[PDB]
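>>> Quick one, what's the 3D model for this:
(7 chains)
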Amino acid sequence: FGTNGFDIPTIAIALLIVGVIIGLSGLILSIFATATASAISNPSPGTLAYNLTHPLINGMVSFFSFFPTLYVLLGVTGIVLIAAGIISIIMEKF
Amino acid sequence: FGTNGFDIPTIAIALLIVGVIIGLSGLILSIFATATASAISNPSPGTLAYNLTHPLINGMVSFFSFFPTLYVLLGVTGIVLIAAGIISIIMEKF
Amino acid sequence: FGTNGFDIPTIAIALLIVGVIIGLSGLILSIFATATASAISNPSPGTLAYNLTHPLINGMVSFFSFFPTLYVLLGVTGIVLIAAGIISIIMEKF
Amino acid sequence: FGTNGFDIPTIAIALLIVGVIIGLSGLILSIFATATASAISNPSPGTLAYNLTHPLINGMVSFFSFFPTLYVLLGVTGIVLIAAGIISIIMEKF
Amino acid sequence: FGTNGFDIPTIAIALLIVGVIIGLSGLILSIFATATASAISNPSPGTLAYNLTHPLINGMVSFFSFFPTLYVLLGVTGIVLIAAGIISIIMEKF
Amino acid sequence: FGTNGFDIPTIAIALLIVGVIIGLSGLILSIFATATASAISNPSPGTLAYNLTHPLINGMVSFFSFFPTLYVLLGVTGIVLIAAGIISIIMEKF
Amino acid sequence: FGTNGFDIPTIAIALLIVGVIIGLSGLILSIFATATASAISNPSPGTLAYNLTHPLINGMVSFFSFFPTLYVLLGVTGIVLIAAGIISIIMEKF
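Residues are numbered from 1 along each chain as shown, chains lettered A, B, ... in the order given. Please see the structure below:
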């Protein structure tokens, strides 16, 4: 069901794949992050270990705040692909 | 039953395929998402794990809100295909 | 699901990998730094050992303060990659 | 009764096997865990043996709380397999 | 009685086989589950054995609740097979 | 019941094995640690034997506090394995 | 009366054998246990012999409470065997 490489079943299967992979990503990362939170302690506000450890957790927080927009762009990509498929169909189907 | 590659039985079979695949997609994703929801807990509003985990679930929500329009476009594609078939029939059938 | 090398599943898997690796980095470094903090003592403010040891801990502090911006840039890189993928799709998909 | 490797009798037999194995797993683990609970005592809240033993039982509890989601995913897998079988039948049966 | 591989007697025999296998599955699993229920006891709501054992029975319950939809899909498969047979007959019988 | 090496019965048997081994580990270590606690005495807070013995018990305590996170990671590993199996099934089952 | 190794007379004879052996087991064990009960006395609740002897009778009680489920599983096995025989008959008898 298509013209050259645009196959609606193929597209649906691909969407299947990305959705399940993303669900698993969220699952694994949340579970692992829970363990991370459990492991690290809070030594003191101003002792040596604080100086040694604080920037690391800051970098953690930063990267994880970067994740959402990555996901948003990844989602946006599919609309572009489906649109290109539609236009390619229209161009030479007539 | 057609002219070159437009076969009404073929079209019906293809519609069959996309419909069943989409039903299965919804089924699997809903079932898996239920497990995801069960797995992740709500630690606290402001502790370390919250900072570590909140953006992930935000990205989850965003992508899943992106799904519907993808499905709508996928559905729209078939009307275009059937239309092109009709026009191609008309062009050289007379 | 892509054109030449841009595969949304591949991208999601890669994000998976970087996230888990970074979580483990934070975990290991925090745990090891706790041991470092435990090991070194505070001899005195002005004796020989102080002269011998203070610059080392200063260098420690400096490098660990350098980490966060490294992480921020690493996070920024992915948006660039996804953007290039989008543009490459658009260029020849039409 | 099938096309290439999808055999409904084979599937039913496989389900048989997983179900009985899982029942036996629950049986054996529960019985053994009862013996474990009987064996270990509660020395005191703060003596040496408490320091020596508490983290072990904590790890026990953690792993056993990890079991349920493992089982849930294992169960989910079969729906995926049956779905793939259905789709494979449909693809070339017509 | 057929064209290439679609034989109504063969189909009836296959249905025979799946039905009897499924009946036996239900029989064996119910009988074994009765023994499982008899074996495991209820120690206490909050003691060590409870922590040690509860997630296992939870996983049991989950998987067994997953069974029904597996059976439903397995049943659905046969209608698809018979339909494909009918269509294949019609295609080249005329 | 699988595609290449992913076998649900095999997975269940493996889970069986890890669970029983971990239960036995907890059992043996707790029993042995009880004997350790019984054997060592508390000489005095400041005599020679105290200087000679205290760091050893400190190292004991440290390592045993390290155990729990080891167990947590070990548990996390299985979810990853089952996920990879699911994705591998999905990739070429369609 | 069978196909390859499934012989209803053979099965009946085997059932004969297991039943009589189990009856004799119960007989001998009950008779011997009566003698055991007669032999051992009850010295006192707290004297030396009590410390020396109580765990032994506890182990006796435990093992004998383990017997019933062993018997139940042994009984379950025969239904499985007869079922496999039925299915094997059906498979190639047609």
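>>> is chain C contacted by the helix ranked longest in chain A?
For chain A, the longest helix by residue count, based on DSSP state H, is helix A:48-93. Yes - Helix A:48-93 is in contact with chain C by Cβ under 8 Å from any Cβ of the partner chain, via A:48-49, A:51-53, A:55-60, A:62-64, A:66-67, A:69-70, A:73-74, A:76-78, A:80-81, A:84, A:87-88. No exception for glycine: its C-beta is placed from N, CA and C like everyone else's.
>>> pretty sure residue A:18 is touching residue C:1, no?
Yes - using Cβ atoms under 8 Å, residue A:18 is in contact with residue C:1, at 7.3 Å.
>>> re the thing from before, and the angle from the longest helix of chain A to helix B:48-93?
Between helix A:48-93 and helix B:48-93, the angle comes out at 10 degrees (axes from the mean of the first three to the mean of the last three Cα atoms, to 10 degrees).
>>> Say whether chain B is contacted by helix A:48-93.
Yes - remark: helix A:48-93 sits within contact range of chain B at A:57, A:60-61, A:64-65, A:67-68, A:70-72, A:74-76, A:78-79, A:82-83, A:85-86, A:89-90, A:93, by Cβ under 8 Å from any Cβ.
>>> Is residue A:27 within a helix or a strand, and which one?
Secondary structure from DSSP states H and E places residue A:27 in helix A:8-39.
>>> give the contact list for the residue of chain A most remote from its centre.
Using Cα atoms, centre = their mean, the residue of chain A lying farthest from its centre is residue A:94. It sits 38.5 Å away. Residues counted as contacts of residue A:94 (Cβ atoms under 8 Å, 6 or more residues apart in numbering or on different chains) are B:84, B:87, B:88.
>>> Filter those down to the buried ones and express that as a PyMOL selection.
This is how PyMOL selects the buried members of these, with burial counted by 16 or more other Cβ atoms under 10 Å in any protein chain shown:
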select buried, chain B and resi 84+88
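>>> ok, of the residues of helix A:48-93 next to chain C, which come out buried?
Taking 16+ other Cβ under 10 Å as the criterion, what is buried in the residues of helix A:48-93 next to chain C is A:48-49, A:51-53, A:55-57, A:59-60, A:63-64, A:66-67, A:69-70, A:73-74, A:77-78, A:81, A:84, A:88.
>>> What's the local residue count around the closest residue to chain E within chain A?
Closest residue of chain A to chain E, Cβ to the nearest Cβ: residue A:31 (15.0 Å). Using other Cβ atoms under 10 Å in any protein chain shown, residue A:31 has 20 neighbouring residues.
>>> That one touches residue F:78, doesn't it?
No - using Cβ under 8 Å, residue A:31 is not in contact with residue F:78; the gap is 11.1 Å.
>>> Using the neighbour-count criterion, name the buried positions in stretch A:1-13.
By 16+ other Cβ under 10 Å, the buried positions in stretch A:1-13 come out as A:1, A:2, A:6, A:7, A:8, A:9, A:11, A:12, A:13.
>>> I'd like the residues you listed written out as JSON lines, with distance to residue B:35 added.
Shown next, in JSON lines, are the buried residues of stretch A:1-13 (distance: Cβ to Cβ, whole Å):
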{"residue": "A:1", "distance to residue B:35": "32"}
{"residue": "A:2", "distance to residue B:35": "34"}
{"residue": "A:6", "distance to residue B:35": "33"}
{"residue": "A:7", "distance to residue B:35": "30"}
{"residue": "A:8", "distance to residue B:35": "28"}
{"residue": "A:9", "distance to residue B:35": "26"}
{"residue": "A:11", "distance to residue B:35": "25"}
{"residue": "A:12", "distance to residue B:35": "22"}
{"residue": "A:13", "distance to residue B:35": "21"}
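>>> of those, closest to chain B?
Of these, the one sitting nearest to chain B (Cβ to the nearest Cβ) turns out to be residue A:1, at 3.8 Å.
>>> Could you tell me how far the closest one is located from residue E:12?
Per Cβ to Cβ, to the nearest Å, residue A:1 is found 34 Å from residue E:12.
>>> Tell me the spacing between the residue farthest from the centre of chain A and chain C.
From residue A:94 across to chain C, the span is 16 Å (Cβ to the nearest Cβ, to the nearest Å).
>>> List the contacts of the residue nearest the centre of chain A.
Centroid-nearest residue in chain A, with Cα atoms, centre = their mean: residue A:71, separated by 4.1 Å. By Cβ under 8 Å, 6+ apart, the contact set of residue A:71 is A:22, B:59, B:60, B:62, B:63.
>>> Please name the nearest non-neighbouring residue to residue A:39.
Distances taken as Cβ to Cβ, 6 or more residues apart in numbering or on different chains place residue F:69 nearest to residue A:39, at 5.3 Å, with adjacent residues excluded.
>>> Hmm, that neighbour is touching residue A:41, no?
No - between residue F:69 and residue A:41 there is no contact under Cβ under 8 Å: 11.9 Å.
>>> Would you mind measuring from the residue nearest to the centre of chain A to chain F?
18 Å.
>>> before we move on, what about residue A:69?
From residue A:69 to chain F the distance is 25 Å (Cβ to the nearest Cβ).
>>> what's the answer for residue A:19, then?
11 Å.
>>> what about stretch A:35-44, how long is it end to end?
End-to-end distance for stretch A:35-44, by Cα to Cα, to the nearest Å: 21 Å.
>>> And it, what's buried?
A:35, A:36, A:37, A:39, A:40, A:43.
>>> just the residues you listed now: which is nearest chain G?
residue A:35 (37.3 Å).
>>> shouldn't that closest one be in contact with residue F:68?
No - in this structure residue A:35 lies outside contact range of residue F:68 using Cβ under 8 Å: 9.7 Å.
>>> Look at residue A:42 and give its secondary structure.
On the three-state scheme (DSSP: H, G, I helix; E, B strand; the rest coil), residue A:42 is labelled coil.
>>> sec struct for residue A:6, please.
Strictly by three-state DSSP, residue A:6 counts as coil.
>>> what does stretch A:49-65 rub up against?
Residues from elsewhere that reach stretch A:49-65 (Cβ under 8 Å, 6+ apart): A:33, A:36, A:40, A:43-44, B:48, B:51-53, B:55-56, C:19, C:22-23, C:26, C:29-30, C:33-34, C:36-37, C:60-61, C:64-65, C:67-68, C:70-72, C:74-75.
>>> Using PDB, list the CA coordinates for it.
Extracted in PDB, the C-alpha atoms of stretch A:49-65 (Å, rounded to 0.1, in the frame of the first residue of the first chain):
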ATOM      1  CA  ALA A  49      32.600  16.200  50.800                       C
ATOM      2  CA  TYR A  50      30.100  18.900  49.900                       C
ATOM      3  CA  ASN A  51      32.700  20.700  47.800                       C
ATOM      4  CA  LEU A  52      33.700  17.400  46.300                       C
ATOM      5  CA  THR A  53      30.200  16.300  45.300                       C
ATOM      6  CA  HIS A  54      27.800  19.200  44.700                       C
ATOM      7  CA  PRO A  55      28.800  20.000  41.100                       C
ATOM      8  CA  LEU A  56      28.200  16.400  40.000                       C
ATOM      9  CA  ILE A  57      24.600  16.500  41.100                       C
ATOM     10  CA  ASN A  58      24.300  19.900  39.500                       C
ATOM     11  CA  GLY A  59      25.400  18.400  36.200                       C
ATOM     12  CA  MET A  60      23.000  15.500  36.700                       C
ATOM     13  CA  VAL A  61      20.100  18.000  37.200                       C
ATOM     14  CA  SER A  62      21.100  20.000  34.100                       C
ATOM     15  CA  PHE A  63      21.300  17.100  31.700                       C
ATOM     16  CA  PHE A  64      18.000  15.700  32.900                       C
ATOM     17  CA  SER A  65      16.400  19.000  32.400                       C
END
